[PDB]
Structures are given as structure tokens and as C-alpha cells.
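As C-alpha cells, the structure follows; a few thoughts come after it.
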Amino acid sequence: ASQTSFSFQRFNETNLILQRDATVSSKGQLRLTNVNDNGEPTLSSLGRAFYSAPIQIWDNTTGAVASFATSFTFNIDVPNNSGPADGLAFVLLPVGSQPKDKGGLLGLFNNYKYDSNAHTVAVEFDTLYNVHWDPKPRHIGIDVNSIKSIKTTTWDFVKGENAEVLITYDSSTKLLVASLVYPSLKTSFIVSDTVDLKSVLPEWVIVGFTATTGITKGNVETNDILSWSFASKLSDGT
Amino acid sequence: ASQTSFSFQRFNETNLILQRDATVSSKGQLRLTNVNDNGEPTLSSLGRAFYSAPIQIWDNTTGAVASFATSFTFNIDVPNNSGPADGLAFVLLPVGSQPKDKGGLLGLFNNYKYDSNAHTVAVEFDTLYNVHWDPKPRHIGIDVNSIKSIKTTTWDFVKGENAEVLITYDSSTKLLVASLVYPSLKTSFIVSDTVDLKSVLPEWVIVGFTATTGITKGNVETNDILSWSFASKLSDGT
Amino acid sequence: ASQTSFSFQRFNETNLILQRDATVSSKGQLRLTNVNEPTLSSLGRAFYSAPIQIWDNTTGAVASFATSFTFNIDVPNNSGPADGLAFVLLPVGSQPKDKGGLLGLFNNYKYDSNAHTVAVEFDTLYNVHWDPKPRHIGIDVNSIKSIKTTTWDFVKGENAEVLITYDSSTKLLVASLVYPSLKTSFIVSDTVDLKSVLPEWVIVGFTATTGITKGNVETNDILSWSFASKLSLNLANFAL
Amino acid sequence: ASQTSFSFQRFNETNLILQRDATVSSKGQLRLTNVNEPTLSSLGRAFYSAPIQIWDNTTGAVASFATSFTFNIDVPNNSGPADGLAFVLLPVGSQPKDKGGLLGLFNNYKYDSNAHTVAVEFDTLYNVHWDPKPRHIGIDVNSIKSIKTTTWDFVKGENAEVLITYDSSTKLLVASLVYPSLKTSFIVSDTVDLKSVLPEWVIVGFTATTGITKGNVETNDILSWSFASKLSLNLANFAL
Ligand SMILES: CC(=O)N[C@H]1[C@H](O[C@H]2[C@@H](O)[C@H](O)[C@@H](CO)O[C@@H]2O)O[C@H](CO)[C@@H](O[C@@H]2O[C@H](CO)[C@H](O)[C@H](O)[C@H]2O)[C@@H]1O
Ligand SMILES: CC(=O)N[C@H]1[C@H](O[C@H]2[C@@H](O)[C@H](O)[C@@H](CO)O[C@@H]2O)O[C@H](CO)[C@@H](O[C@@H]2O[C@H](CO)[C@H](O)[C@H](O)[C@H]2O)[C@@H]1O
Ligand SMILES: CC(=O)N[C@H]1[C@H](O[C@H]2[C@@H](O)[C@H](O)[C@@H](CO)O[C@@H]2O)O[C@H](CO)[C@@H](O)[C@@H]1O
Ligand SMILES: CC(=O)N[C@H]1[C@H](O[C@H]2[C@@H](O)[C@H](O)[C@@H](CO)O[C@@H]2O)O[C@H](CO)[C@@H](O)[C@@H]1O
Ligand SMILES: *[C@@H]1O[C@H](CO)[C@@H](O)[C@H](O)[C@H]1NC(C)=O
Ligand SMILES: *[C@@H]1O[C@H](CO)[C@@H](O)[C@H](O)[C@H]1NC(C)=O
Ligand SMILES: *[C@@H]1O[C@H](CO)[C@@H](O)[C@H](O)[C@H]1NC(C)=O
Ligand SMILES: *[C@@H]1O[C@H](CO)[C@@H](O)[C@H](O)[C@H]1NC(C)=O
Ligand SMILES: [Ca+2]
Ligand SMILES: [Ca+2]
Ligand SMILES: [Ca+2]
Ligand SMILES: [Ca+2]
Ligand SMILES: [Mn+2]
Ligand SMILES: [Mn+2]
Ligand SMILES: [Mn+2]
Ligand SMILES: [Mn+2]
């Protein structure tokens, strides 16, 4: 009924909303967090990037809820003698949303409690164990209004290898499914849970990414998006 | 390579940029020009509406030019004892473009001379003969940087009948083709000419509509867009 | 409940049903009529190998569809063109009928309510007994006498790009042709009731013929073809 | 240079090649194995009627493709499941091989470099001589002994949604299954060199079998199916 789709193999700032440290490089890579002139990622970085047009997720007249899917390739790399931190996430957020706290909160939250007014749904690729809320192994998590994921799966993170993600949402079943594959390693990971978008999100949202680097020396990473495809469909009744 | 598409059967202001008199009605119709509380169109109206995300039309590094296509249904209706004026157009314009002069200039031009800095490509559905530049019969016209169309075809306009338009641009041949059908009348019209987008338009544009009503009593119309689908593709080299 | 699409920039025999003189060249072109220079009295048809459901008697639903194709009709010097080519919807298993001006679709020029034929013709030869005098695009329903035509300013050897669309909500069949090198364009539209003409399942494809009389001959080459159908279209998406 | 896609929410025989016990029910379901309650020693296969080009020897190009489908495997009380179902790519004209645990695709459990078979199996029965002990999703290349498996927590009568993707630029075949009612998900991935296994043109579809021994039986119903391939994919577009 209403349908939107886009697909980019290279990025440009013109059709993106970039926040904080997010940049588009001369190679057309979406570099969510800061990288210095030496090619090295820096500490206490936070950036977010969204598609410039809002996307309708649900309709309060008809009660319809969109189905959507997104795919993207990302590269998280780590300097020798550091470990990675903190990760990146694909997000659906209110129009006008501004960055929240950095580090392990991923620019999405101000603390680690549930916040029913966060209006945040995200799929996180978390590279740093945060003792107060995370499982110990690195993980893909489904986040609904909290940094404490409603569901996670173990992610065997490998630095500098391109990761291909597919996230799908089927509004008939309310199932959100996230998967990651490393084509060069032939490894694959998947997590799934139900999410009630209509109870969490505004009718219109912005879609895109958030990422942070570690705040403590020895915990840092690049957070580069290399390609992105999104599609959504919302029924109108004809 | 870069791809964008969207399709709406009903409209909402959230993902549109609306200028001047353009509104979205409670029925989700995009009403480009003013209609009063009696359902009657008013004189000296001008409105424009665009998709909120800019669209890349060409790339100055690779030299690639997008191919695109758009379809839409419109309804132009006229009160008894008036004739129609002035028409509507599908447009590609610079990001940030503001309305120009009203009436026969369609909110796109300031006079009827060629302006090499207008950066305007439009397909017009012109319901009012303007003696200084138009063919006498109502017409579909291809407009490049001037209200004086580079090419026109006769359009047998009928008030209040839904018109379905398809406009296509093939960057390999540079051919722009515009067609209109009235499904209820079984009539159809087509016009085609080449346009060099790279020489006329900026690399990024906004896509959408402009419309005006007559400035003189007895020349007035509604200019309602009822549905709109757009798709573009720009090669990146992989 | 049902969607089908395909698009070919180069052809191969494996997924086509080829009839009579229709060949796939080694350069990937679908040459519907014979080339030894084209020859006389040729008939060729070509279809996609999977049947397409266009309507359903249990639900009443009728498909919307669209097809685009590029064709090249060329003519030898000291000859004129004949007879033309058509895009067709036919019953599963259909066999070629009569040659020449009947385009391989009919036995005679009278209406036949058992032909189960819907076609869009690109007619290069004036047949005194049924055609308009100028060369034409026509919508054919169970007869070689088109229900609707438009004038087509045929030019030999120029690539022609066709778009045909059918909207089941309005019953409107629209056919357009452009010559991108010449910047010329043509369009014809009329309603067709598919429910009452075609069987529930059809084969989609092409038919073409050359003239049976010396001096009236042409090539009938299809260079690319896309098709899409939906049964319970986005024309901006399809056209691209 | 070549694209093909279809999507069915309801099935019909007209555009399918059905083999052995495979039927289309009157409610539009593709029941791959026999239901009198499912019965023993059943084998059924079903294919799309048009051949799909997966690679080309003149250009070297290999297709990328994706397929999604919903299936329901159900089991009678006082019975366990067997033997499973698979999505397959096979040579044009392929005929059913042996029943039971060989899923209608092989004669024995040894590697056969002439089977020209690429399959994704949903294996419901532990075959002592080649399978892992838990029920599994497997990638089969010219053998019933999967090159790669993942554990599948099979649950009877629950709709399962499958996505299979092949990326010709990485050679990676990925297969995932979700049970939306249970919120469970499974994934397996491995590289497959299609060029060296399959002929240039293939038929795509399904195979399924029931157990040959009392107490090991199941239905193998496909409820919907979408396929897309491209030969010179957008997974966000396809999945939707
Ligand atoms: C309490 C905690 O999680 N501490 C980790 C620290 O978190 C930051 C901040 O990112 C987080 O949002 C906030 C929540 O209140 O707490 C702190 O301010 O981040 C550092 C890395 O920058 C972690 O330290 C590293 O942890 C690794 C865990 O595997 C490993 O032990 C490293 O050696 C260590 O430096 C804090 O654990
Ligand atoms: C000169 C001219 O075109 N005049 C028509 C007038 O145009 C406006 C304005 O819209 C236009 O952009 C500008 C260009 O310099 O000129 C004028 O300011 O618009 C009116 C209608 O509002 C036309 O009058 C109507 O024309 C009809 C032509 O078929 C018909 O004659 C009507 O009876 C008449 O009122 C001016 O012709
Ligand atoms: C009567 C007529 O149409 N003559 C033209 C001729 O047509 C052929 C054939 O193509 C037609 O299908 C049948 C229908 O009766 O008639 C003739 O046999 O084709 C010639 C070129 O091949 C034209 O010059 C004739 O005018
Ligand atoms: C040896 C074995 O696998 N036994 C199981 C049996 O398998 C069948 C058949 O399905 C296999 O394809 C062939 C391969 O040699 O062996 C047997 O004939 O299936 C039973 C259920 O039908 C299992 O209980 C046996 O364990
Ligand atoms: C994006 O495109 C614009 C052209 O409008 C150009 O000015 C800008 O430098 C581009 N950015 C990058 C990172 O290439
Ligand atoms: C469009 O949607 C928004 C919901 O954010 C609503 O406030 C607004 O009234 C809608 N406009 C129309 C014309 O329906
Ligand atoms: C069609 O495909 C087969 C390979 O399967 C091959 O023999 C033939 O050359 C192909 N035809 C063309 C025109 O490429
Ligand atoms: C398949 O189509 C034919 C009509 O062409 C019909 O006889 C049959 O009922 C259809 N099958 C189903 C399951 O609808
Ligand atoms: Ca963390
Ligand atoms: Ca005018
Ligand atoms: Ca004729
Ligand atoms: Ca087994
Ligand atoms: Mn986490
Ligand atoms: Mn004009
Ligand atoms: Mn004719
Ligand atoms: Mn197995």
C-alpha cells in the first residue's frame, strides 16, 4: 500500500542525516565513529546516521503495521594491542531523535534501565561485555527500550572481516529476525523474537545506525557501514 | 547501483516537503492548490510538494546518469461556469528550491524566456493557453529551463476524470517519455524528446509536483494528486 | 496470491517454446522469422515455457500484467515491409494458424469467438480487407480486425521499444512504442475483458510473419523482453 | 542479462512439474507426500515448469538466487517424524531416485560426482550411516551426507519459514529457518561451487519422503514459495 525502498553500495551525505562523529569518507564509506588521519579509530566516539525521509511504521486509523527488511555490510576493525568496543546497531527511532549516552549505551540510552518512553527498537552488534547488563560472549541482540537486550545470540566476532546482516520484521507474526554472516569465514548467526512496534514506536520513524567506541584506552574499533538496502510496506486497505 | 523507490496510494505530510498552498487532505489526497471549505478551488493559488529525501540524478566522478520512472494519478476538476487554469507538473529541481511566479508560469519560472540557470526539468499538464508561448490546444509538454516546452502533444483534457501518468527517462538514450491515459474514457496521449540531465540539473535533486490556478475569475481548477510511485537507479561501477 | 516476472537481455532456447521458423541466434537474438537477408512466406512464434495464470474462476480475480520489449524490423533495399509482429496471449498448447497478414493467429479475417486470442500487433502492411491504410499499432481480440488502432510511423532498422500494460481494475489495455533514435512515440488504449476471451491459463510471447509476395519482406527480431503479472502493477518499478 | 522471479501463496498444477506422490490439494497446498493421515514409503517431488539458468559457459557468469517458503510437517500421535523434505536444484528432466532417508535424490549414501545435485535438506530422521544425531538443516552437494549441518529443533505441526540465498560473488549458500509461533531460529552456511556441480540450466523445487518403517511418518506440505535469480541479489527486497 505505502511502499519505500532504497539500496546503496556507496554513500553520500546529501540524502543522510548525520549526527555527531558520523562521516561519509572519500571512498563513500559510512564511517559512524571517528577515525584519525593515521587510519586509527579514536576513543569516546559516537556517531549516528539516518535516511533523510521518515518511514511510516504504523497507522493509528487502520491499525496496520509495516513489514520491513534491511540488509547491510559492515566492517569493524581493531588496532593491534587493543580489543574492540563498543559496537554498532541498526535502529528505528522517533523523527528528530538526538544522540544519548556514549560507550556501552551505544548513543541510544542514558542508563541501563528499561525506559518505556525511549521509543527505541534496535538490533545491536555488541563487541564489549558490559558487566551490569550484557552476556559475557560478544553477541547480536534485539533491543526494545533498553540496552538490556530482550534476546541475544552468541556472535563469533572477527576483526576486519566484512559482515553481511539481514534483519526482517513480519508484522503479521510480529517476529523480528536478525542474522549475520561472514562470507570469507563461512560462519553465520541468527536471533529472533517478537516485538510489538505499535506499542513501542511512533507512527513515523527514522531508520539508520548508531555506533560508539570504547571510553577506556585498549577498547576501540572502527564502525564502518559499506552498503545498505532497506524496504518497507504498510497496508492502506487500497 | 544506487537505487531508490517509493509508492503511495494515500499521502501524509510527514515524508513530504510542502510549499505555499500545498496540503494533504483528511482523505490523504495531495491537494497542490487551495480548495475552500465549500470544496471550490480558489484563484491565484500556487503549491508545490516534494519527496523528503533528495535523489541523485548524476555523478560528476563516474559520469553516470540515473534512469528513472514515475507514475501518478491526478484529478483536475473545474466548477461549472469556469474553464480550467493553469495546470500541474512533475518536476526535478535543485535541493532547497523555492517557488517562482504563479499562474501560467506554474511556480517554476519568473518570465517566459529561457534561463540556463533555472536547473529545471518538468513534465507539464497545461490546461490554459498562454498566448506568448503555448500551443492553442491543451497539452502535455516537456519543459527544460523554460515555460516554452521543448516538445508538446495535444491533450484532450476532461474535467474531473482521473488521469494516470507514466514518465520514464532512459539515461542510455537520454529519452524522456511522458504519457497520460484516462481509464474511464479509454483515451491516451504520449510525448517524447531527449534531455541531457547532466547539463541541466545538479547532481542531486528533489522530485515532486507544482501546480497553480488561474489569476483571473473564470479560470480555476483543483490540482489533486491521488497516488504516486517513483523509482530511480544510478550505476556506481559496483 | 500469485506473481511472476522475468527479464531477458539475451535469449536462449531452453526456457522458450519455439514454433515454426523462430530461432535463437548465436548472438542471443530471438529471430522470429527466417533469415537465409529475410525470406518470404515465413511464420515464427516464441513463448515463455511456463504457463501464466491470467484469471481464476473460483475467486473471479483477473491478473494485471505488463510487458516491455525491444524489436528491430529491417527491410532489404528495393523491398517494402510485411507483414509485422505481435505480442500475444494464447491458450496453453496453441499451434500456428495462417501465414502472412493473419500473423499466424487466424484462419480468416472474420471474428472468431473461439480463437481465445488477445494480441498487440505491429502491422507493417495494409491488408485491403480489414486494416486501416497507414501502418499501425493495433489491439486484437479474437480477430485480425483490430478493435482499436493508432497510426505508427514505421522506420526500417530502427530499434523500437514497446510497453504494454493491462490493469484489471479498469480493464484497460495500453500499448506504446517509442523509437529512441528518432524521438517519436505512439500510443493506443482500449478496454479488454480477459475473463470472456482467454482461458484461465495462458502462454505469453510473440508471433511474426513475412510477406508472401516478392517485394514485401522484413526481419522480425526481438532484442530484449521483460514480463510481469500479478493475481490476487507498479509501472514506475516495471518500466525501470 | 537474465532475471526470473515468482511467488505463490496458493499452488496450481498448471505451472508445476509434479512427480510421484506430489499433489496440489483443493485448498491450494503443495502436499509433497501422500495423505490418505500421512502414509509410509511415500516419495514426491515438485518443480517450477520453466528451466532456470544458473551459469553460462561462454561468459563464466554464475547466478545469484534466493528462495523463501513456508512448510508444515505434521506427525500422527504414537508416531515420530521421517524422513524430511528438501529444496533442490537439479538437471532438466531429472527423475526420482531412492525413497526414505535418501529423500528421492540418491541411490546410496556415498558421494556421486554425477548426481548434479545441490539441495538444502530439512532432515527429520537420524540415519545411523551418514547423519548427525540431532534433527538438522543440511547443505547437500552430490551426496546425502551433508557438507554442513546445523541442529534443528523440529516441532510438529508448526509453520516453518525458510530463506535460502546464494551469492555468486562469494559462492556462499546460506539457509535459515524460523518458527514464528515459537520464536526459534536456525542458520547454516557454506560455500558451494555451482559451476562444477550443476549443469548450466536447472529445474528448481522440492523433494520429500515419508519413513518406510511403521512409527516414522509425516506430512510434507509447502504452503507458499517465492524464488528469484539473476545472471549477469537485494535481500531486503526479496525478504519482504
Ligand atoms: C561498568 C562497565 O560496563 N564498565 C565498562 C566500561 O563501560 C563504561 C561505559 O561504556 C558504560 O556505558 C558505562 C555504564 O554505566 O560504564 C562505563 O562508564 O567500558 C570499558 C571499556 O571502555 C570496560 O572496560 C573493559 O572491559 C572489557 C570487558 O571484556 C575488558 O575487561 C577490558 O580489559 C576493559 O578495559 C568496562 O568494563
Ligand atoms: C498573456 C497571458 O498569457 N494572459 C493570460 C493570463 O496569464 C497571466 C499569468 O498567468 C501569466 O503567467 C502571465 C505571463 O506574463 O500573464 C498573465 O499575468 O491568464 C489568464 C487566466 O488567468 C488568461 O485569460 C484567459 O485565457 C483563456 C485562454 O484560452 C481564455 O481566453 C479566458 O477567457 C481568459 O480569461 C490570459 O490569457
Ligand atoms: C488481399 C490482400 O490483403 N493482399 C495483400 C497480400 O495479403 C496476402 C496475405 O498476407 C493475407 O493474409 C491474405 C488474406 O486474404 O491475402 C493475401 O494472400 O499481401 C501482399 C504482400 O505480401 C500485399 O501486397 C497484398 O496487397
Ligand atoms: C540404517 C537406517 O538408516 N535405518 C533407518 C531407516 O532407514 C531406511 C531408509 O530410510 C534409508 O534410506 C536406508 C539407507 O540404507 O536404510 C533404511 O532402509 O529408517 C527407519 C525409519 O523409516 C529408521 O528407524 C532406521 O533407523
Ligand atoms: C557527495 O556529493 C556531493 C555532490 O553534491 C559532493 O559535493 C560531496 O563532496 C560528496 N561527498 C563525498 C564524500 O563524496
Ligand atoms: C499524518 O500522520 C500524522 C501522524 O504522525 C498525523 O498527526 C497527521 O494528522 C496525518 N495527516 C493527515 C492529513 O492524515
Ligand atoms: C543456450 O544454452 C546452451 C547451454 O545450456 C548452449 O548450448 C547454447 O550455446 C546457448 N545459446 C546461446 C544463444 O547462448
Ligand atoms: C488449477 O487451475 C484449474 C483452472 O485452470 C482448475 O481446474 C483447478 O481447480 C485449479 N486448482 C486449484 C487448487 O485451485
Ligand atoms: Ca556492550
Ligand atoms: Ca499554459
Ligand atoms: Ca496487415
Ligand atoms: Ca536423515
Ligand atoms: Mn549487549
Ligand atoms: Mn504549456
Ligand atoms: Mn492490422
Ligand atoms: Mn541429514
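Below, chain A is the first sequence line, B the second, and so on; all start at residue 1. Side chains are part of it too, since the values below use all heavy atoms of this structure and drop only hydrogens, waters and symmetry mates. As the structure lists them, so they are numbered: ligands from 1, and atoms in each ligand from 1.
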**Item:** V24(B): numbered ligand 6 atoms lying under 4.0 Å from its heavy atoms
**Value:** 13 (C)
**Asked** Are a donor atom and an acceptor atom from the side chains of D115(A) and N145(A) found within less than 3.5 Å of each other?
**Response** no
**Item:** Closest protein heavy atom to atom 9 (O) of ligand 6, given as residue, atom name and distance to 0.1 Å
**Value:** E13(B) OE2, 4.0 Å
**Asked** Under 3.5 Å between some N or O of ligand 6 and some N or O of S25(B)?
**Response** no
**Request:** Could you tell me whether atom 7 (O) of ligand 6 has a protein heavy atom closer than 4.0 Å?
**Result:** no
**Message:** Can you tell me if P199(D) contacts ligand 7 (heavy atom of the residue under 4.0 Å from the ligand)?
**Reply:** no
**Prompt:** Judged by modelled atom types alone, do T33(B) and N223(B) share a side-chain donor-acceptor pair under 3.5 Å?
**Reply:** yes
**Prompt:** Are any of the side-chain heavy atoms of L43(C) and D21(C) separated by less than 4.5 Å?
**Reply:** no
**Message:** Test your reading of the model: is there a side-chain donor-acceptor pair from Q3(A) to the backbone of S229(B), 3.5 Å cut-off?
**Reply:** no
**Protein residue, atom and distance nearest to atom 4 (C) of ligand 7, heavy-atom basis** = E200(D) OE1, 3.4 Å
**Item:** Polar side-chain atom of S168(C) near backbone of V62(C) as donor-acceptor pair, under 3.5 Å
**Value:** yes
**Prompt:** When you measure from atom 5 (O) of ligand 6 to every protein heavy atom, which one gives the shortest distance, and what is it?
**Reply:** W204(A) CD1, 3.5 Å
**Asked** So which heavy atom on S94(D) is nearest to which on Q19(D), and how close?
**Response** O-NE2, 2.8 Å
**Item:** Nearest neighbour of atom 14 (O) of ligand 8 from the list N12(D), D56(C), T58(C), on a heavy-atom basis
**Value:** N12(D)
